[PDB]
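Next up: the same protein chain in two forms, each one alone, written as structure tokens (structure 1, then structure 2).
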Structure 1
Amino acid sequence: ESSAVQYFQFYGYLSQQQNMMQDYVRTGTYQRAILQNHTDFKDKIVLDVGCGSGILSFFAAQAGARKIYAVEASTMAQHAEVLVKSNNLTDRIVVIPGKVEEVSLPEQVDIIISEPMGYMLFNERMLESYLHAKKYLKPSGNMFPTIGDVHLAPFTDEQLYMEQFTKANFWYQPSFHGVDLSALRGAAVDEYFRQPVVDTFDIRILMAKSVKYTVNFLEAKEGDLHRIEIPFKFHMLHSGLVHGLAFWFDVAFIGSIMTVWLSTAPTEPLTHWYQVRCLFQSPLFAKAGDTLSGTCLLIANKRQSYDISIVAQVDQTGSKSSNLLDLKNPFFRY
């Protein structure tokens, strides 16, 4: 409820915009996607969903768009309008303060642009507002990004596991200043392992080819994203302990001229999204040739995020791990 207030306050700070804008892979790929697909913009009507500082709307204008509606719900809207004026684009970019679910637009649009992707793609639940915005999209219209692929792969990383395990085991102490805390170990492990780990890693820690789950933004309905079910079956390529699942995502800007990809894969140049790892509370032993199967379930919550459920098992042994994660509250290990 009031969780939404804090969400939009976060985006009101220029300090946050600076960090975002300094992701050169993010900013550069968006610009390339838009400019190299200029025919998708030339003399067209554009909607920018959550424009922030206005940067994507400026790209749209660079690509020759006739009119851009730049919708922003935080007080960043005021700073956007300052930039539109100072950059002499008042005749083309129209900042509209407010939520995209609530504002009126005078016109339907040829193309929607946005950066709705959060950590693990889904965090922030902005994909829903992005899909909601399709009420303004003409029949023959496009969305940038067009689709999104989430990848997941099993990883081995004892150092990470043991760091999180060691923190939780503070609550295994039997005489902390003479007090037995040990009755709370189970609660601590639950809590610490509930946090997804945001950082990057060497790809050599991945034990199988990634499973991918695609969302088509042209086709999906807002309601589809309330419950996201991702089944998986990994064919294990290396033997060892599986400490959890690594997550990343790519998005594609499928234009009339080119498809441009923005990847957050660990094989690609680093972005501010990094990668996301969900640890198992207890690792699963797998041998090469084994199959690790189960289900990643994402359930939309009232905190602009998802409750994550990961159930995984080594088919050959019946060894099973069940995990609950709180995507809203990641551990930023970088």
Structure 2
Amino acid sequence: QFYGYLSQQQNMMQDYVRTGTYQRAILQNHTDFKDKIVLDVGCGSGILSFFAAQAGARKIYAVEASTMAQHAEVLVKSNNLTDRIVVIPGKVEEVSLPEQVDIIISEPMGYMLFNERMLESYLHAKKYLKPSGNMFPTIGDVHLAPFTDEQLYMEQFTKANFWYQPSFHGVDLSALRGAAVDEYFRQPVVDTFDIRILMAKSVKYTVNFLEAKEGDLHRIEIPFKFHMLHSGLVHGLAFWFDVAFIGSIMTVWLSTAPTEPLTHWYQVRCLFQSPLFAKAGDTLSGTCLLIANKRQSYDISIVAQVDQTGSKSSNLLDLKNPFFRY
């Protein structure tokens, strides 16, 4: 229902970097839309389907599982486009298209790209794509980089140490302190930061939406080896994402990087249980394993070590309970 509120649709429609970038990607690639058949997966209010119609699309199937499909239908009648935009209420996995499409368009990106698991519906929809058909967005780049943030690490313990007291109104809470720390460290942090907390150049993990299958997103293994630019304590990994619309005329990027004006995706940070001392020139190696979970999110398993010392840390986070710290 969350996406079923006009207020929620307004917040994303009003977001210029999101909505304006999609319009630019589509209108500046008019040859990928001029007289084509289009699928808009999770169209919400239908704004992306209108942009395709502005670019000259012959037919646009606009699929929406929420009751927003009803409001999208009103906008298409109201905009005199019932001949070119057909709104199909229901799940993209369960509806019927009358024909194969030239191009699929969607805004399925969650926090850290993968959160909400909508990329699975986007990829599922390629059963409707013509061989040599296009995907907008075409690729997603997930960037991860080690960060130092003593204050963000220490505040976990400030919060958890609420339980480390022998007489909260006469009650010894101290037996729960360990569980409270564990629960706080299992929360990915959604907020932004100064790029100078980054201790190494990002590693990039690329999903090619033309090639990737639905099941590819159930388990995402991101090996990393960071060459440390700075000496300090590594508190965790920072995550962001770019997507590219690779059209016939040009590639348009939507970036959520900390070097770009802040978006409503912010960036995501996952703390280590224990920070790792690295000197500039050291290598920090390990694996980030994203495992799709039953709460339309991911279990995040990180293991990392400073190769030169053998110092090792890990964390297990659930992207379903993020801490909005902004």
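In this text, the rigid core denotes the largest set of C-alpha atoms whose superposition between the two forms falls within 1.5 Å. Structure 1's sequence is the ruler for residue numbers, which start at 1.
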**Asked** Just one of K135, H177, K233, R227 has a C-alpha that shifts by 2 Å or more between the two structures on a rigid core fit; which is it?
**Response** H177
**Request:** Could the core-superposed CA displacement of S319 between the two structures be given in angstrom, to one decimal?
**Result:** 1.1
**Prompt:** By how many angstrom does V100 shift at its CA between the two structures when the core is held fixed?
**Reply:** 0.2
**Request:** Can you read me the CA shift for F165 between the two structures, rigid core superposed, in Å?
**Result:** 2.5
